[PDB]
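Structure data follow from protein17.cif (mmCIF, C-alpha atoms and all ligand atoms):
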```cif
data_input
loop_
_atom_site.group_PDB
_atom_site.id
_atom_site.type_symbol
_atom_site.label_atom_id
_atom_site.label_comp_id
_atom_site.auth_asym_id
_atom_site.auth_seq_id
_atom_site.Cartn_x
_atom_site.Cartn_y
_atom_site.Cartn_z
ATOM 1 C CA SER A 2 16.571 1.988 -17.754
ATOM 2 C CA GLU A 3 14.167 4.934 -17.746
ATOM 3 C CA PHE A 4 16.745 7.173 -19.460
ATOM 4 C CA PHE A 5 18.112 4.498 -21.813
ATOM 5 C CA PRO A 6 15.099 2.278 -22.430
ATOM 6 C CA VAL A 7 15.440 -1.299 -23.686
ATOM 7 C CA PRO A 8 13.146 -1.939 -26.684
ATOM 8 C CA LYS A 9 10.672 -4.795 -27.028
ATOM 9 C CA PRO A 10 10.716 -6.467 -30.488
ATOM 10 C CA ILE A 11 7.271 -6.977 -32.055
ATOM 11 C CA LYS A 12 6.013 -8.257 -35.392
ATOM 12 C CA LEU A 13 2.820 -6.432 -36.150
ATOM 13 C CA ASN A 14 1.886 -8.359 -39.239
ATOM 14 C CA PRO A 15 3.850 -10.045 -41.999
ATOM 15 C CA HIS A 16 5.004 -6.614 -43.215
ATOM 16 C CA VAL A 17 5.914 -4.662 -40.096
ATOM 17 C CA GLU A 18 8.589 -5.243 -37.481
ATOM 18 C CA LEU A 19 8.981 -2.818 -34.592
ATOM 19 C CA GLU A 20 11.400 -2.061 -31.763
ATOM 20 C CA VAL A 21 9.131 -0.496 -29.153
ATOM 21 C CA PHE A 22 10.501 1.821 -26.468
ATOM 22 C CA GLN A 23 8.491 3.212 -23.539
ATOM 23 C CA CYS A 24 9.221 6.857 -22.631
ATOM 24 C CA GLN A 25 6.741 7.470 -19.800
ATOM 25 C CA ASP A 26 3.502 8.429 -21.628
ATOM 26 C CA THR A 27 5.118 8.442 -25.073
ATOM 27 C CA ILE A 28 5.875 5.326 -27.109
ATOM 28 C CA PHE A 29 8.793 5.591 -29.528
ATOM 29 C CA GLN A 30 9.264 2.860 -32.119
ATOM 30 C CA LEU A 31 11.767 2.013 -34.811
ATOM 31 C CA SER A 32 9.997 0.389 -37.783
ATOM 32 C CA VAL A 33 11.000 -1.894 -40.629
ATOM 33 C CA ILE A 34 8.321 -2.138 -43.331
ATOM 34 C CA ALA A 35 8.759 -4.878 -45.940
ATOM 35 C CA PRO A 36 9.372 -4.186 -49.639
ATOM 36 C CA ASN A 37 6.185 -3.291 -51.522
ATOM 37 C CA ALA A 38 4.033 -3.535 -48.360
ATOM 38 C CA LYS A 39 0.435 -2.331 -48.259
ATOM 39 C CA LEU A 40 -0.559 -1.293 -44.735
ATOM 40 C CA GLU A 41 -4.318 -1.134 -44.167
ATOM 41 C CA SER A 42 -5.570 2.112 -42.681
ATOM 42 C CA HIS A 43 -6.185 2.108 -38.950
ATOM 43 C CA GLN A 44 -7.096 4.540 -36.223
ATOM 44 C CA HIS A 45 -6.244 4.831 -32.562
ATOM 45 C CA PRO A 46 -6.716 7.388 -29.794
ATOM 46 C CA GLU A 47 -2.977 8.116 -29.668
ATOM 47 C CA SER A 48 -1.738 10.920 -31.885
ATOM 48 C CA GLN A 49 1.122 9.845 -34.115
ATOM 49 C CA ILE A 50 4.069 11.376 -35.923
ATOM 50 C CA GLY A 51 7.001 9.814 -37.729
ATOM 51 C CA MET A 52 9.703 9.945 -40.379
ATOM 52 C CA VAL A 53 11.328 7.651 -42.895
ATOM 53 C CA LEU A 54 15.044 7.101 -42.159
ATOM 54 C CA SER A 55 15.843 4.914 -45.168
ATOM 55 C CA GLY A 56 13.641 4.234 -48.207
ATOM 56 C CA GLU A 57 10.334 5.918 -49.049
ATOM 57 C CA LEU A 58 6.737 5.719 -47.883
ATOM 58 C CA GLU A 59 3.340 6.852 -49.126
ATOM 59 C CA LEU A 60 0.929 8.188 -46.522
ATOM 60 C CA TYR A 61 -2.821 7.566 -46.990
ATOM 61 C CA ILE A 62 -4.714 10.080 -44.871
ATOM 62 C CA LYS A 63 -7.790 12.319 -45.315
ATOM 63 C CA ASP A 64 -8.600 10.810 -48.763
ATOM 64 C CA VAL A 65 -5.233 11.945 -50.207
ATOM 65 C CA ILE A 66 -1.916 10.213 -50.828
ATOM 66 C CA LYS A 67 1.297 11.984 -49.698
ATOM 67 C CA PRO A 68 4.840 10.825 -50.440
ATOM 68 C CA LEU A 69 7.294 10.812 -47.510
ATOM 69 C CA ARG A 70 11.009 11.314 -48.206
ATOM 70 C CA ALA A 71 13.829 9.928 -46.062
ATOM 71 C CA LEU A 72 15.185 12.367 -43.436
ATOM 72 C CA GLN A 73 12.897 15.173 -44.729
ATOM 73 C CA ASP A 74 9.175 14.659 -44.187
ATOM 74 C CA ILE A 75 7.243 13.992 -41.013
ATOM 75 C CA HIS A 76 3.756 12.465 -41.167
ATOM 76 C CA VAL A 77 1.206 13.724 -38.635
ATOM 77 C CA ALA A 78 -1.909 11.705 -37.718
ATOM 78 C CA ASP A 79 -4.001 13.357 -35.004
ATOM 79 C CA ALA A 80 -6.199 11.361 -32.588
ATOM 80 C CA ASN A 81 -8.398 8.778 -34.359
ATOM 81 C CA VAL A 82 -7.514 10.112 -37.824
ATOM 82 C CA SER A 83 -7.513 7.130 -40.181
ATOM 83 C CA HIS A 84 -4.060 6.534 -41.646
ATOM 84 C CA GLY A 85 -2.424 3.872 -43.795
ATOM 85 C CA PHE A 86 0.761 3.415 -45.814
ATOM 86 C CA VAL A 87 2.266 1.874 -48.915
ATOM 87 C CA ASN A 88 5.967 1.201 -49.331
ATOM 88 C CA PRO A 89 6.442 2.194 -53.012
ATOM 89 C CA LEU A 90 9.912 0.586 -53.233
ATOM 90 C CA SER A 91 11.269 -2.949 -53.487
ATOM 91 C CA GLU A 92 13.609 -2.026 -50.592
ATOM 92 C CA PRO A 93 12.571 -2.069 -46.911
ATOM 93 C CA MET A 94 11.487 1.208 -45.340
ATOM 94 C CA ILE A 95 13.308 1.905 -42.077
ATOM 95 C CA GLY A 96 11.530 4.602 -40.015
ATOM 96 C CA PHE A 97 10.375 5.753 -36.611
ATOM 97 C CA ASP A 98 7.099 6.838 -35.024
ATOM 98 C CA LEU A 99 6.056 8.424 -31.748
ATOM 99 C CA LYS A 100 2.617 7.874 -30.263
ATOM 100 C CA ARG A 101 1.035 9.751 -27.367
ATOM 101 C CA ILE A 102 -2.424 10.695 -26.106
ATOM 102 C CA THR A 103 -2.256 14.444 -26.708
ATOM 103 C CA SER A 104 -4.084 17.406 -25.250
ATOM 104 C CA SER A 105 -2.991 20.044 -27.834
ATOM 105 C CA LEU A 106 -5.179 21.727 -30.481
ATOM 106 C CA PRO A 107 -5.310 19.982 -33.903
ATOM 107 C CA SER A 108 -2.445 19.937 -36.387
ATOM 108 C CA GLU A 109 -2.874 22.134 -39.473
ATOM 109 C CA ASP A 110 -0.796 19.838 -41.716
ATOM 110 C CA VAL A 111 -0.662 16.040 -42.253
ATOM 111 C CA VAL A 112 2.906 16.347 -43.604
ATOM 112 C CA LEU A 113 5.610 18.691 -42.290
ATOM 113 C CA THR A 114 9.082 19.167 -43.731
ATOM 114 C CA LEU A 115 12.359 19.930 -41.974
ATOM 115 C CA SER A 116 13.932 23.272 -42.868
ATOM 116 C CA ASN A 117 17.271 24.867 -42.061
ATOM 117 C CA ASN A 118 17.606 26.416 -38.617
ATOM 118 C CA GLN A 119 19.933 26.806 -35.624
ATOM 119 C CA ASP A 120 19.908 24.608 -32.501
ATOM 120 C CA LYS A 121 19.314 26.840 -29.471
ATOM 121 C CA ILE A 122 21.575 25.190 -26.879
ATOM 122 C CA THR A 123 24.609 24.445 -29.095
ATOM 123 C CA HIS A 124 24.186 27.154 -31.782
ATOM 124 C CA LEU A 125 24.963 24.442 -34.362
ATOM 125 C CA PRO A 126 23.179 24.363 -37.726
ATOM 126 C CA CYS A 127 20.181 22.021 -37.764
ATOM 127 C CA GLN A 128 17.068 21.168 -39.689
ATOM 128 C CA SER A 129 13.852 21.317 -37.737
ATOM 129 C CA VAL A 130 10.113 21.750 -37.726
ATOM 130 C CA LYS A 131 7.548 22.429 -35.024
ATOM 131 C CA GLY A 132 4.136 20.801 -34.914
ATOM 132 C CA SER A 133 1.124 21.008 -32.644
ATOM 133 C CA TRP A 134 2.569 18.820 -29.815
ATOM 134 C CA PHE A 135 6.222 18.280 -30.827
ATOM 135 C CA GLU A 136 9.401 19.656 -32.351
ATOM 136 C CA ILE A 137 11.797 17.523 -34.395
ATOM 137 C CA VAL A 138 15.441 18.571 -34.756
ATOM 138 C CA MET A 139 18.054 16.818 -36.917
ATOM 139 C CA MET A 140 21.641 18.013 -36.606
ATOM 140 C CA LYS A 141 25.255 17.042 -37.125
ATOM 141 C CA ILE A 142 27.330 16.760 -33.958
ATOM 142 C CA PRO A 143 30.889 17.420 -35.174
ATOM 143 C CA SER A 144 33.786 15.113 -34.258
ATOM 144 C CA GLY A 145 35.061 16.165 -30.826
ATOM 145 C CA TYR A 146 32.050 18.348 -30.015
ATOM 146 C CA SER A 147 30.725 18.478 -26.440
ATOM 147 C CA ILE A 148 26.960 19.025 -26.127
ATOM 148 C CA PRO A 149 26.843 21.368 -23.133
ATOM 149 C CA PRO A 150 24.939 20.561 -19.927
ATOM 150 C CA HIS A 151 21.282 21.562 -20.193
ATOM 151 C CA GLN A 152 18.105 21.103 -18.185
ATOM 152 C CA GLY A 153 15.091 21.340 -20.509
ATOM 153 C CA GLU A 154 11.520 22.157 -19.528
ATOM 154 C CA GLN A 155 10.348 19.713 -22.211
ATOM 155 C CA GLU A 156 10.675 15.942 -22.452
ATOM 156 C CA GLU A 157 13.210 14.893 -25.071
ATOM 157 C CA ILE A 158 13.745 11.642 -26.928
ATOM 158 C CA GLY A 159 16.786 11.231 -29.158
ATOM 159 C CA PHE A 160 18.928 8.873 -31.191
ATOM 160 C CA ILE A 161 21.728 8.839 -33.745
ATOM 161 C CA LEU A 162 22.033 7.463 -37.279
ATOM 162 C CA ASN A 163 25.755 6.695 -37.398
ATOM 163 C CA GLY A 164 28.840 6.505 -35.179
ATOM 164 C CA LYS A 165 28.866 6.433 -31.381
ATOM 165 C CA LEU A 166 27.830 9.235 -28.999
ATOM 166 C CA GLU A 167 28.376 9.503 -25.218
ATOM 167 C CA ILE A 168 25.174 10.716 -23.488
ATOM 168 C CA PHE A 169 24.767 11.590 -19.777
ATOM 169 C CA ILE A 170 21.331 12.006 -18.211
ATOM 170 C CA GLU A 171 20.970 13.158 -14.564
ATOM 171 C CA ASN A 172 23.101 10.508 -12.929
ATOM 172 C CA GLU A 173 23.543 7.870 -15.681
ATOM 173 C CA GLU A 174 25.857 7.546 -18.740
ATOM 174 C CA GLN A 175 25.892 5.393 -21.910
ATOM 175 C CA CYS A 176 27.422 5.279 -25.385
ATOM 176 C CA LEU A 177 24.642 5.261 -27.968
ATOM 177 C CA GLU A 178 24.596 3.836 -31.470
ATOM 178 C CA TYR A 179 21.787 3.577 -34.007
ATOM 179 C CA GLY A 180 19.148 1.203 -32.617
ATOM 180 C CA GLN A 181 19.167 2.749 -29.138
ATOM 181 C CA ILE A 182 17.505 5.904 -27.807
ATOM 182 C CA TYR A 183 17.807 8.240 -24.870
ATOM 183 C CA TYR A 184 14.861 9.659 -22.971
ATOM 184 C CA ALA A 185 15.284 12.818 -20.882
ATOM 185 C CA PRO A 186 12.230 13.675 -18.783
ATOM 186 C CA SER A 187 11.394 17.287 -17.999
ATOM 187 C CA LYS A 188 14.077 19.055 -15.936
ATOM 188 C CA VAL A 189 16.747 16.300 -16.020
ATOM 189 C CA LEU A 190 20.363 17.380 -16.684
ATOM 190 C CA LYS A 191 21.666 16.108 -20.013
ATOM 191 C CA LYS A 192 25.002 16.420 -21.727
ATOM 192 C CA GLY A 193 26.845 14.593 -24.451
ATOM 193 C CA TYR A 194 30.151 14.167 -26.187
ATOM 194 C CA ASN A 195 31.140 12.986 -29.644
ATOM 195 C CA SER A 196 34.468 11.298 -28.902
ATOM 196 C CA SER A 197 34.510 9.660 -32.372
ATOM 197 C CA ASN A 198 36.407 10.860 -35.477
ATOM 198 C CA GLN A 199 33.215 11.341 -37.524
ATOM 199 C CA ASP A 200 30.348 13.784 -37.562
ATOM 200 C CA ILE A 201 27.265 12.167 -36.025
ATOM 201 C CA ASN A 202 23.729 12.705 -37.304
ATOM 202 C CA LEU A 203 21.400 13.126 -34.305
ATOM 203 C CA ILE A 204 17.618 13.321 -34.301
ATOM 204 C CA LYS A 205 15.757 14.589 -31.259
ATOM 205 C CA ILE A 206 12.059 15.017 -30.572
ATOM 206 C CA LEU A 207 10.868 17.522 -27.999
ATOM 207 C CA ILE A 208 7.423 16.818 -26.531
ATOM 208 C CA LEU A 209 5.699 20.198 -26.151
ATOM 209 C CA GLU A 210 2.982 19.144 -23.679
ATOM 210 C CA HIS A 211 3.019 17.525 -20.223
HETATM 211 O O1 LIG B 301 2.084 1.595 -35.674
HETATM 212 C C1 LIG B 301 1.241 2.434 -36.088
HETATM 213 O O2 LIG B 301 0.405 2.954 -35.315
HETATM 214 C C2 LIG B 301 1.205 2.832 -37.499
HETATM 215 O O3 LIG B 301 0.588 3.849 -37.830
HETATM 216 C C3 LIG B 301 1.891 1.984 -38.559
HETATM 217 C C4 LIG B 301 0.851 1.044 -39.139
HETATM 218 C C5 LIG B 301 -0.215 1.568 -39.868
HETATM 219 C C6 LIG B 301 -1.189 0.727 -40.402
HETATM 220 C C7 LIG B 301 -1.107 -0.650 -40.208
HETATM 221 O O4 LIG B 301 -2.065 -1.469 -40.730
HETATM 222 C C8 LIG B 301 -0.041 -1.180 -39.477
HETATM 223 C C9 LIG B 301 0.934 -0.336 -38.943
HETATM 224 FE FE FE B 302 -0.901 4.350 -36.421
#
```

Is it possible to give me this structure as structure tokens?
Amino acid sequence: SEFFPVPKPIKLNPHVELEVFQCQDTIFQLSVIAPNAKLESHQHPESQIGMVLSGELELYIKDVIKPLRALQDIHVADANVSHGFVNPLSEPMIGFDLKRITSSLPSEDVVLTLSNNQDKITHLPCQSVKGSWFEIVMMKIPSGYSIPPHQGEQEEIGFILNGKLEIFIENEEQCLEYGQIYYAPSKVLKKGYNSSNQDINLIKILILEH
């Protein structure tokens, strides 16, 4: 559905497998990059951001090489900026990316790092960073916690890394596990509930432009 999109599985080359989700004008993908993969640099008109979830990655961008750490660093490739990658480990890299034709002014950094903060709506501790066209928030949803009803001005895409989370968007409800996402367009009512006995790690991306 629009709010709980079904991914399309793609194999991009012998090294890269993707689960591709459409979120109106944003594409969200979960990636699996093979052990020791070299990914040739490419460019495209879509701006791109992403993070490693498991493993490690090296970003090749603007004639420098930047390491990317799991659940910490976000790579940022503005429109038509040439970017490539190496997986420096003999383990697969599991990650995600978002791609979107952006209107915003250029990003000042090719790598951003999450830092400790507080989630506005819930007042729960989180780690976050804000970029030129996006904000990424990672946070633990405690066992039993109810994410209160909220209508955001900004589009939001989210997913979890472990456990099972109940998510309601506008007029539709699903239990989410890792491998699925939710998409909440601007102004839709969203709420959620961790009915499991474990703390759930949630990542959300707010799209700052329309
Ligand atoms: O999917 C994208 O746009 C990426 O940026 C990941 C990527 C980069 C370079 C390649 O040669 C293949 C895949
Ligand atoms: Fe790319």

Contacts of ligand LIG 301 (chain B), 8 Å or closer, all atoms listed in the file, given as a ChimeraX atom specification: /A:13-14,17,39-45,49,84-86,98,100

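The nearest approach to residue 178 of chain A among the residues A:4, A:160, A:22, A:135, with all atoms listed in the file taken into account, belongs to A:160.
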
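Here the PyMOL selection byres (((chain A and resi 5) around 8) and not hetatm) matches the residues residues 2, 3, 4, 6, 7, 175, 181, 182, 183 and 184 of chain A.
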
Edge lengths and centre in Å to one decimal, as JSON, is what I'm after for the box along x, y and z that holds all listed atoms of segment 118-137 of chain A once 3 Å is added on each side.
```
{"center_x": 13.0, "center_y": 22.3, "center_z": -33.3, "size_x": 29.8, "size_y": 15.6, "size_z": 18.8}
```

Applying the PyMOL selection byres (((chain A and resi 149) around 7) and not hetatm) to the file I just gave you, which residues come out? Please list them as a list in words. residues 147, 148, 150, 151, 192 and 193 of chain A

Preceding selection exported with C-alpha atoms as a PDB file, keeping the file's coordinate frame:
```
ATOM      1  CA  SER A 147      30.725  18.478 -26.440  1.00  0.00           C
ATOM      2  CA  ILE A 148      26.960  19.025 -26.127  1.00  0.00           C
ATOM      3  CA  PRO A 150      24.939  20.561 -19.927  1.00  0.00           C
ATOM      4  CA  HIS A 151      21.282  21.562 -20.193  1.00  0.00           C
ATOM      5  CA  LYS A 192      25.002  16.420 -21.727  1.00  0.00           C
ATOM      6  CA  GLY A 193      26.845  14.593 -24.451  1.00  0.00           C
TER       7      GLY A 193
END
```

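Shortest atom-to-atom contact with ligand FE 302 (chain B) among A:101, A:124, A:188, A:211: A:101, counting all atoms listed in the file.
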
Check the smallest atom-to-atom distance from each of A:50, A:99, A:142, A:137 to residue 23 of chain A using only C-alpha atoms, then report the winner. A:99

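As for atom CA of residue 187 of chain A and atom CA of residue 28 of chain A, they are spaced 16.0 Å apart.
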
Please provide as JSON, numbers by chain all residues within 12 Å of residue 117 of chain A, with the sequence filter that same-chain residues fewer than 5 positions apart are discarded (counting only C-alpha atoms). {"A": [73, 125, 126, 127, 128, 129, 130, 137, 138, 139, 140]}

Out of A:79, A:34, A:67, A:15, which residue has the shortest atom-to-atom distance to ligand FE 302 (chain B) when counting all atoms listed in the file? A:79

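Coordinates place atom CA of residue 146 of chain A at a distance of 20.8 Å from atom CA of residue 189 of chain A.
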
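Among the candidates A:81, A:196, A:30, A:152, the one nearest to residue 96 of chain A when counting all atoms listed in the file is A:30.
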
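Counting only C-alpha atoms and comparing A:48, A:55, A:199, A:27, the residue that lies closest to residue 108 of chain A is A:48.
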
Hey, what comes out of the PyMOL selection byres (((chain A and resi 20) around 9) and not hetatm) on this file? Could you write it as JSON, numbers by chain? {"A": [8, 9, 10, 11, 12, 18, 19, 21, 22, 29, 30, 31, 32, 33, 180]}

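Of note, atom CA of residue 166 of chain A and atom CA of residue 203 of chain A are spaced 9.2 Å apart.
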
Write out as a PyMOL selection string each polymer residue whose atoms come within 6 Å of residue 141 of chain A, counting all atoms listed in the file; drop sequence neighbours fewer than 2 positions from it. chain A and resi 143+201-202

Please fill the gaps in segment 22-44 of chain A so it has N, CA and C atoms, and write that as a tab-separated table (two decimals), in the coordinates of the input.
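Written file, out.tsv:
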```
chain	number	residue	atom	x	y	z
A	22	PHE	N	9.87	1.26	-27.65
A	22	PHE	CA	10.50	1.82	-26.47
A	22	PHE	C	9.48	2.66	-25.69
A	23	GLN	N	9.40	2.44	-24.39
A	23	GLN	CA	8.49	3.21	-23.54
A	23	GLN	C	9.24	4.42	-22.99
A	24	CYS	N	8.66	5.61	-23.16
A	24	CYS	CA	9.22	6.86	-22.63
A	24	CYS	C	8.13	7.58	-21.82
A	25	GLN	N	7.89	7.08	-20.61
A	25	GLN	CA	6.74	7.47	-19.80
A	25	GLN	C	5.45	7.37	-20.62
A	26	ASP	N	4.80	8.49	-20.94
A	26	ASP	CA	3.50	8.43	-21.63
A	26	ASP	C	3.62	8.50	-23.15
A	27	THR	N	4.86	8.49	-23.65
A	27	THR	CA	5.12	8.44	-25.07
A	27	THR	C	5.74	7.09	-25.43
A	28	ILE	N	5.25	6.50	-26.51
A	28	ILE	CA	5.88	5.33	-27.11
A	28	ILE	C	6.68	5.77	-28.33
A	29	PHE	N	7.95	5.38	-28.37
A	29	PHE	CA	8.79	5.59	-29.53
A	29	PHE	C	9.06	4.23	-30.14
A	30	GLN	N	8.92	4.11	-31.45
A	30	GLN	CA	9.26	2.86	-32.12
A	30	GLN	C	10.10	3.04	-33.37
A	31	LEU	N	11.07	2.14	-33.55
A	31	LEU	CA	11.77	2.01	-34.81
A	31	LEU	C	11.03	0.94	-35.61
A	32	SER	N	10.80	1.23	-36.89
A	32	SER	CA	10.00	0.39	-37.78
A	32	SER	C	10.81	-0.14	-38.95
A	33	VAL	N	10.51	-1.37	-39.38
A	33	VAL	CA	11.00	-1.89	-40.63
A	33	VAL	C	9.76	-2.41	-41.37
A	34	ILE	N	9.45	-1.76	-42.48
A	34	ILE	CA	8.32	-2.14	-43.33
A	34	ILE	C	8.84	-2.85	-44.59
A	35	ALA	N	8.28	-4.03	-44.85
A	35	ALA	CA	8.76	-4.88	-45.94
A	35	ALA	C	8.65	-4.22	-47.32
A	36	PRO	N	9.52	-4.61	-48.26
A	36	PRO	CA	9.37	-4.19	-49.64
A	36	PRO	C	7.94	-4.33	-50.15
A	37	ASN	N	7.48	-3.30	-50.85
A	37	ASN	CA	6.18	-3.29	-51.52
A	37	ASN	C	4.95	-3.47	-50.62
A	38	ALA	N	5.12	-3.31	-49.31
A	38	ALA	CA	4.03	-3.54	-48.36
A	38	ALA	C	2.87	-2.57	-48.56
A	39	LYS	N	1.65	-3.11	-48.48
A	39	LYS	CA	0.44	-2.33	-48.26
A	39	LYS	C	0.02	-2.47	-46.81
A	40	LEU	N	-0.13	-1.33	-46.13
A	40	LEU	CA	-0.56	-1.29	-44.74
A	40	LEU	C	-1.97	-0.73	-44.68
A	41	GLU	N	-2.93	-1.56	-44.27
A	41	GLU	CA	-4.32	-1.13	-44.17
A	41	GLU	C	-4.46	0.02	-43.20
A	42	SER	N	-5.33	0.96	-43.54
A	42	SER	CA	-5.57	2.11	-42.68
A	42	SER	C	-6.09	1.66	-41.33
A	43	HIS	N	-5.65	2.34	-40.27
A	43	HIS	CA	-6.18	2.11	-38.95
A	43	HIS	C	-6.36	3.43	-38.23
A	44	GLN	N	-6.99	3.37	-37.07
A	44	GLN	CA	-7.10	4.54	-36.22
A	44	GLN	C	-6.91	4.12	-34.78
```
